[PDB]
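Visitor: Provided herewith is a single structure, encoded as structure tokens, for subsequent inquiry.
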Amino acid sequence: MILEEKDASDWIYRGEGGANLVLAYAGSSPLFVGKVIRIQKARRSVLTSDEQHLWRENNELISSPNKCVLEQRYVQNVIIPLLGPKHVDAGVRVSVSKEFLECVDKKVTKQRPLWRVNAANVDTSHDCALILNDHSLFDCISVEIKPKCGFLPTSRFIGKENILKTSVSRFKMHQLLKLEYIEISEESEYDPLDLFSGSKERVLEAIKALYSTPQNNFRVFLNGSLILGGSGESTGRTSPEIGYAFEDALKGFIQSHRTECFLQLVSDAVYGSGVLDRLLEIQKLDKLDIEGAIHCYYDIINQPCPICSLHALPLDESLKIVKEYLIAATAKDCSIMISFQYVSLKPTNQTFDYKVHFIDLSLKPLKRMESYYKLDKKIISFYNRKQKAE
Ligand SMILES: O=P(O)(O)O[C@H]1[C@H](OP(=O)(O)O)[C@@H](OP(=O)(O)O)[C@H](OP(=O)(O)O)[C@@H](OP(=O)(O)O)[C@@H]1OP(=O)(O)O
Ligand SMILES: Nc1ncnc2c1ncn2[C@@H]1O[C@H](COP(=O)(O)OP(=O)(O)O)[C@@H](O)[C@H]1O
Ligand SMILES: [Mg+2]
Ligand SMILES: [Zn+2]
């Protein structure tokens with residue numbers, strides 16, 4: 001089953017992260033109706049020598065022919081054993097022509113954030129792509145959430161100066177630095193600690209915060225069509241205008257105050273799904289925080305630790321720690337998609353069926369332990385610094 005230059009006409013922009021573009025099928029084929037295609041971007045072979053060393057315990061993973069089988073097996077072999085297979089769909093292998101990739105790249109350039117184009121195009125060196133269900137299909141209202149990390153570190157390896165790292169969420173400390181680099185306009189109201197808190201009340205607080213300031217953490221589609229949140233990027237606060245048209249968009253679906261109810265019914269969904277519980281235990285596979293795990297990284301890549309207990313560990317442990325760090329990084333950066341067509345909305349007294357799905361599940365590259373460390377370092381220095389302003 002191979003896609004050619006012709007079929008580039010049957011797929012249309014759904015959005016992108018840093019690593020991937022996502023098209024939704026607008027054609028007529030019964031093999032792609034209700035599918036998306038996830039295409040890897042190339043910034044400006046499957047696994048490095050170091051990574052092969054680190055994923056050694058993984059027969060199939062290490063042997064994948066391309067990246068797409070690589071993603072396919074990562075999700076299926078390493079992630080599904082953890083999150084569980086009602087909410088994760090690893091999604092199928094699909095061959096594509098290099099000419100199919102090119103025209104797609106050209107075709108949707110116009111629909112992308114410019115800074116996203118400055119950074120990467122699609123990788124036209126690929127012969128392949130992954131096809132996943134379109135979770136915005138089930139009148140389907142579909143909500144995407146990018147919860148980020150919903151706990152605080154407690155690590156012995158977090159030094160005296162950085163101990164704020166143990167009091168203040170990474171999300172909130174990062175909001176300040178994103179501002180500094182004009183990547184967001186205002187600070188986000190959302191707080192993942194409320195979402196992963198597990199309190200029914202606080203989970204709603206977070207859904208509210210997400211509506212006000214969605215940034216790249218909140219999206220809502222109807223019929224697979226964006227009606228709140230940025231496209232391939234973050235987005236500024238929800239103004240009364242923005243809200244007005246949203247309320248109007250909820251016309252019909254909800255019977256009502258249509259916005260107040262949407263939130264309530266998204267919140268009831270999330271909390272009664274309990275799906276944030278598992279994810280949180282996976283995020284917690286970061287047992288030592290980057291400031292601990294970074295030392296394990298250097299032994300693993302056979303390199304004198306520039307940062308210098310941890311180094312006297314058996315290699316089997318050092319490897320585990322790194323593996324676990326990166327599976328964690330996968331859970332910290334993934335998204336939940338909730339579909340609506342159970343939740344019973346009190347006022348109107350309606351009833352909604354729902355499905356929840358994890359998406360944006362991606363293998364983190366091992367070499368990224370270094371950027372992780374540098375980003376983290378920069379985060380806490382800028383926070384500590386803007387805290388001296390007192
Ligand atoms: O480009 P952004 O919208 O700012 O998002 C990126 C995220 O992108 P995705 O939504 O595409 O997953 C990065 O992942 P990559 O696609 O670049 O690989 C991720 O990087 P890591 O998962 O490796 O951490 C990073 O997360 P973070 O900032 O927590 O390191 C996160 O940025 P934000 O979530 O902060 O916006
Ligand atoms: N299976 C899916 N169904 C519906 N929409 C999706 C699906 N996968 C991704 N999307 C949309 O496309 C966007 C980008 O996809 P994603 O896989 O998160 O890219 P990246 O890995 O680079 O972050 C997401 O924000 C999401 O809104
Ligand atoms: Mg990704
Ligand atoms: Zn060290």
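Chain identifiers are assigned as A, B, and so on, following the order in which chains appear in the structure tokens; residues are numbered from 1 within each chain, and ligands are numbered from 1 in order of appearance.
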Using only C-alpha atoms, which protein or nucleic acid residues come within 10 Å of residue 210 in chain A? Drop anything in the same chain fewer than 3 positions from it, and give the result as a VMD selection string.

Guide: chain A and resid 145 to 147 188 to 192 204 to 207 213 to 219 229 237 to 238 263

Visitor: Name each residue within 8 Å of ligand 4, counting only C-alpha atoms and all ligand atoms, as a list in words.

Guide: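 The neighbouring residues of ligand 4 are, in order, residues 294, 295, 296, 298, 304, 305, 306, 307, 308, 310 and 311 of chain A.
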
Visitor: Put those residues in a file: N, CA, C and O atoms, as a PDB file, in the first residue's frame.

Guide:
ATOM      1  N   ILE A 294      21.429  13.152  34.764  1.00  0.00           N
ATOM      2  CA  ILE A 294      22.369  13.628  33.746  1.00  0.00           C
ATOM      3  C   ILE A 294      23.739  12.931  33.902  1.00  0.00           C
ATOM      4  O   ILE A 294      24.461  12.710  32.920  1.00  0.00           O
ATOM      5  N   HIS A 295      24.065  12.553  35.137  1.00  0.00           N
ATOM      6  CA  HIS A 295      25.282  11.821  35.433  1.00  0.00           C
ATOM      7  C   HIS A 295      25.225  10.399  34.867  1.00  0.00           C
ATOM      8  O   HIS A 295      26.206   9.877  34.318  1.00  0.00           O
ATOM      9  N   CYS A 296      24.077   9.767  35.005  1.00  0.00           N
ATOM     10  CA  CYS A 296      23.864   8.463  34.400  1.00  0.00           C
ATOM     11  C   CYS A 296      24.054   8.525  32.882  1.00  0.00           C
ATOM     12  O   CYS A 296      24.608   7.589  32.259  1.00  0.00           O
ATOM     13  N   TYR A 298      26.161  10.394  31.138  1.00  0.00           N
ATOM     14  CA  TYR A 298      27.553  10.407  30.726  1.00  0.00           C
ATOM     15  C   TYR A 298      28.243   9.029  30.797  1.00  0.00           C
ATOM     16  O   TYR A 298      28.961   8.657  29.866  1.00  0.00           O
ATOM     17  N   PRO A 304      33.479  11.240  30.235  1.00  0.00           N
ATOM     18  CA  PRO A 304      33.761  11.880  31.522  1.00  0.00           C
ATOM     19  C   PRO A 304      32.682  12.905  31.854  1.00  0.00           C
ATOM     20  O   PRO A 304      32.357  13.756  31.029  1.00  0.00           O
ATOM     21  N   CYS A 305      32.131  12.817  33.056  1.00  0.00           N
ATOM     22  CA  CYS A 305      31.020  13.663  33.434  1.00  0.00           C
ATOM     23  C   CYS A 305      31.511  15.079  33.627  1.00  0.00           C
ATOM     24  O   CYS A 305      32.276  15.339  34.552  1.00  0.00           O
ATOM     25  N   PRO A 306      31.075  16.003  32.755  1.00  0.00           N
ATOM     26  CA  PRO A 306      31.467  17.411  32.863  1.00  0.00           C
ATOM     27  C   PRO A 306      30.859  18.054  34.086  1.00  0.00           C
ATOM     28  O   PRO A 306      31.435  18.992  34.609  1.00  0.00           O
ATOM     29  N   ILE A 307      29.732  17.533  34.558  1.00  0.00           N
ATOM     30  CA  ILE A 307      29.030  18.110  35.713  1.00  0.00           C
ATOM     31  C   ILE A 307      29.816  17.965  37.031  1.00  0.00           C
ATOM     32  O   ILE A 307      29.727  18.810  37.925  1.00  0.00           O
ATOM     33  N   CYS A 308      30.575  16.884  37.152  1.00  0.00           N
ATOM     34  CA  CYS A 308      31.364  16.654  38.354  1.00  0.00           C
ATOM     35  C   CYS A 308      32.746  17.315  38.271  1.00  0.00           C
ATOM     36  O   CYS A 308      33.145  17.833  37.221  1.00  0.00           O
ATOM     37  N   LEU A 310      26.197   8.354  42.207  1.00  0.00           N
ATOM     38  CA  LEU A 310      25.531   7.901  40.995  1.00  0.00           C
ATOM     39  C   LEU A 310      26.489   7.140  40.051  1.00  0.00           C
ATOM     40  O   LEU A 310      26.098   6.158  39.424  1.00  0.00           O
ATOM     41  N   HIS A 311      27.739   7.583  39.955  1.00  0.00           N
ATOM     42  CA  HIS A 311      28.688   6.974  39.012  1.00  0.00           C
ATOM     43  C   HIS A 311      29.242   5.592  39.430  1.00  0.00           C
ATOM     44  O   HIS A 311      29.886   4.896  38.638  1.00  0.00           O
TER      45      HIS A 311
END

Visitor: Have a look at A:320, A:208, A:93, A:116 and name the one nearest to ligand 2; count only C-alpha atoms and all ligand atoms.

Guide: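 Ranked by minimum distance to ligand 2, first place goes to A:116.
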
Visitor: Could you tell me which of A:117, A:380, A:42, A:361 comes closest to ligand 3 if we count only C-alpha atoms and all ligand atoms?

Guide: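 The answer is A:361, which sits nearest to ligand 3.
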
Visitor: Neighbours of ligand 1 at 9 Å or closer, counting only C-alpha atoms and all ligand atoms: which residues, as a PyMOL selection string?

Guide: chain A and resi 16-20+116+146-149+170-171+174-175+178+183+215-217+232-234+326+329-335+360-365+368-369+371-372+375-376

Visitor: Closest to ligand 2 among A:118, A:28, A:142, A:256, using only C-alpha atoms and all ligand atoms?

Guide: A:142

Visitor: For CA of residue 247 in chain A and CA of residue 231 in chain A, quote the distance in Å rounded to one decimal.

Guide: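 A separation of 19.4 Å between them.
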
Visitor: Closest to ligand 2 among A:73, A:110, A:357, A:374, using only C-alpha atoms and all ligand atoms?

Guide: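 Checking each of A:73, A:110, A:357, A:374 against ligand 2, counting only C-alpha atoms and all ligand atoms, the winner is A:357.
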
Visitor: I need the strand (DSSP E) residues of range 187-367 of chain A per DSSP on the backbone, written as a PyMOL selection string.

Guide: chain A and resi 218-222+225-228+335-340+354-359

Visitor: How about saving the chosen residues, C-alpha atoms kept, as a JSON list (two decimals), in the first residue's frame?

Guide:
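The new file selection.json reads:
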[["chain", "number", "residue", "atom", "x", "y", "z"],
["A", 218, "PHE", "CA", -5.69, 23.60, 25.06],
["A", 219, "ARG", "CA", -7.60, 22.99, 21.88],
["A", 220, "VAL", "CA", -11.19, 22.35, 20.92],
["A", 221, "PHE", "CA", -12.46, 21.14, 17.56],
["A", 222, "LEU", "CA", -15.89, 20.56, 16.07],
["A", 225, "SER", "CA", -12.27, 21.75, 12.86],
["A", 226, "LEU", "CA", -10.38, 24.08, 15.24],
["A", 227, "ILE", "CA", -12.73, 26.37, 17.20],
["A", 228, "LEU", "CA", -10.36, 27.28, 20.04],
["A", 335, "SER", "CA", -1.59, 15.09, 24.83],
["A", 336, "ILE", "CA", -4.97, 13.65, 25.73],
["A", 337, "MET", "CA", -7.84, 13.85, 23.19],
["A", 338, "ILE", "CA", -11.36, 13.55, 24.54],
["A", 339, "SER", "CA", -14.28, 12.98, 22.21],
["A", 340, "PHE", "CA", -17.92, 13.84, 22.76],
["A", 354, "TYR", "CA", -16.86, 9.96, 25.38],
["A", 355, "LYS", "CA", -13.57, 8.41, 24.30],
["A", 356, "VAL", "CA", -10.16, 9.46, 25.60],
["A", 357, "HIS", "CA", -6.93, 9.03, 23.70],
["A", 358, "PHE", "CA", -3.26, 9.75, 24.30],
["A", 359, "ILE", "CA", -1.51, 11.40, 21.40]]

Visitor: Would you list the contacts of residue 134 in chain A as a list in words, taking every protein, DNA or RNA residue within 9 Å and counting only C-alpha atoms, but skipping same-chain residues closer than 3 positions in sequence?

Guide: residues 24, 25, 33, 34, 35, 36, 137, 138 and 224 of chain A

Visitor: Grab the residues selected above and save them as a PDB file, in the first residue's frame with N, CA and C atoms.

Guide:
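Everything below was put into again.pdb:
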ATOM      1  N   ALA A  24      -5.351  15.455   8.037  1.00  0.00           N
ATOM      2  CA  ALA A  24      -6.566  14.644   8.141  1.00  0.00           C
ATOM      3  C   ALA A  24      -7.116  14.356   6.744  1.00  0.00           C
ATOM      4  N   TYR A  25      -7.542  13.117   6.506  1.00  0.00           N
ATOM      5  CA  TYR A  25      -8.042  12.693   5.190  1.00  0.00           C
ATOM      6  C   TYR A  25      -9.384  13.326   4.841  1.00  0.00           C
ATOM      7  N   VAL A  33     -10.716   7.078   5.540  1.00  0.00           N
ATOM      8  CA  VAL A  33     -11.778   7.889   6.105  1.00  0.00           C
ATOM      9  C   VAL A  33     -11.584   7.840   7.617  1.00  0.00           C
ATOM     10  N   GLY A  34     -11.679   9.000   8.259  1.00  0.00           N
ATOM     11  CA  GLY A  34     -11.462   9.101   9.690  1.00  0.00           C
ATOM     12  C   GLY A  34     -10.048   8.826  10.191  1.00  0.00           C
ATOM     13  N   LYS A  35      -9.041   8.984   9.328  1.00  0.00           N
ATOM     14  CA  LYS A  35      -7.630   8.840   9.726  1.00  0.00           C
ATOM     15  C   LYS A  35      -6.906  10.174   9.687  1.00  0.00           C
ATOM     16  N   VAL A  36      -5.813  10.249  10.437  1.00  0.00           N
ATOM     17  CA  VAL A  36      -4.826  11.301  10.267  1.00  0.00           C
ATOM     18  C   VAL A  36      -3.551  10.618   9.815  1.00  0.00           C
ATOM     19  N   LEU A 137     -13.025  12.737  15.404  1.00  0.00           N
ATOM     20  CA  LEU A 137     -14.204  11.993  14.959  1.00  0.00           C
ATOM     21  C   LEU A 137     -14.595  10.978  16.045  1.00  0.00           C
ATOM     22  N   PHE A 138     -15.853  10.530  16.041  1.00  0.00           N
ATOM     23  CA  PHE A 138     -16.369   9.638  17.080  1.00  0.00           C
ATOM     24  C   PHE A 138     -17.080   8.436  16.455  1.00  0.00           C
ATOM     25  N   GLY A 224     -13.774  18.013  13.703  1.00  0.00           N
ATOM     26  CA  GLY A 224     -12.359  17.999  13.388  1.00  0.00           C
ATOM     27  C   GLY A 224     -11.856  19.356  12.930  1.00  0.00           C
TER      28      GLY A 224
END

Visitor: With only C-alpha atoms as the counted atoms, please give the residues lying no more than 10 Å from residue 48 in chain A, apart from itself and same-chain residues fewer than 3 positions off, as a PyMOL selection string.

Guide: chain A and resi 45+51-54+62+365-367

Visitor: Kindly export the residues of the current selection with N, CA and C atoms, as a PDB file, in the first residue's frame.

Guide:
ATOM      1  N   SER A  45      20.818   3.713  11.268  1.00  0.00           N
ATOM      2  CA  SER A  45      20.368   5.099  11.106  1.00  0.00           C
ATOM      3  C   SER A  45      19.202   5.351  12.052  1.00  0.00           C
ATOM      4  N   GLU A  51      22.171   5.213  21.515  1.00  0.00           N
ATOM      5  CA  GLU A  51      20.802   4.738  21.727  1.00  0.00           C
ATOM      6  C   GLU A  51      20.653   3.209  21.685  1.00  0.00           C
ATOM      7  N   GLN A  52      21.354   2.557  20.755  1.00  0.00           N
ATOM      8  CA  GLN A  52      21.365   1.089  20.644  1.00  0.00           C
ATOM      9  C   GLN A  52      21.874   0.402  21.901  1.00  0.00           C
ATOM     10  N   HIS A  53      22.965   0.939  22.441  1.00  0.00           N
ATOM     11  CA  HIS A  53      23.459   0.640  23.784  1.00  0.00           C
ATOM     12  C   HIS A  53      22.344   0.808  24.850  1.00  0.00           C
ATOM     13  N   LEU A  54      21.654   1.953  24.859  1.00  0.00           N
ATOM     14  CA  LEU A  54      20.599   2.216  25.862  1.00  0.00           C
ATOM     15  C   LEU A  54      19.311   1.413  25.715  1.00  0.00           C
ATOM     16  N   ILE A  62      15.126  -1.836  18.595  1.00  0.00           N
ATOM     17  CA  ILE A  62      16.458  -1.536  18.066  1.00  0.00           C
ATOM     18  C   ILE A  62      16.606  -1.955  16.624  1.00  0.00           C
ATOM     19  N   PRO A 365      14.962  11.530  21.732  1.00  0.00           N
ATOM     20  CA  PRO A 365      16.322  11.085  21.407  1.00  0.00           C
ATOM     21  C   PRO A 365      17.291  11.251  22.585  1.00  0.00           C
ATOM     22  N   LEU A 366      18.098  10.221  22.799  1.00  0.00           N
ATOM     23  CA  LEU A 366      18.987  10.141  23.955  1.00  0.00           C
ATOM     24  C   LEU A 366      19.919  11.354  24.106  1.00  0.00           C
ATOM     25  N   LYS A 367      20.462  11.827  22.987  1.00  0.00           N
ATOM     26  CA  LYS A 367      21.362  12.986  22.958  1.00  0.00           C
ATOM     27  C   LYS A 367      20.715  14.210  23.574  1.00  0.00           C
TER      28      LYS A 367
END

Visitor: Could you list, as an MDAnalysis selection string, every residue within 7 Å of residue 102 in chain A, counting only C-alpha atoms and ignoring same-chain residues fewer than 4 positions away?

Guide: chainID A and resid 98 106 124

Visitor: When DSSP is applied to the backbone of this structure, which of range 185-343 of chain A are assigned helix (DSSP H, G or I)? Write them out as a count of residues only.

Guide: 82

Visitor: Can you work out the spacing between atom 1 (N, counted along the ligand's line) of ligand 2 and CA of residue 132 in chain A in Å, to one decimal?

Guide: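 CA of residue 132 in chain A lies 5.0 Å from atom 1 (N, counted along the ligand's line) of ligand 2.
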
Visitor: Quick one, how far is atom 20 (P, counted along the ligand's line) of ligand 2 from CA of residue 122 in chain A?

Guide: 12.0 Å
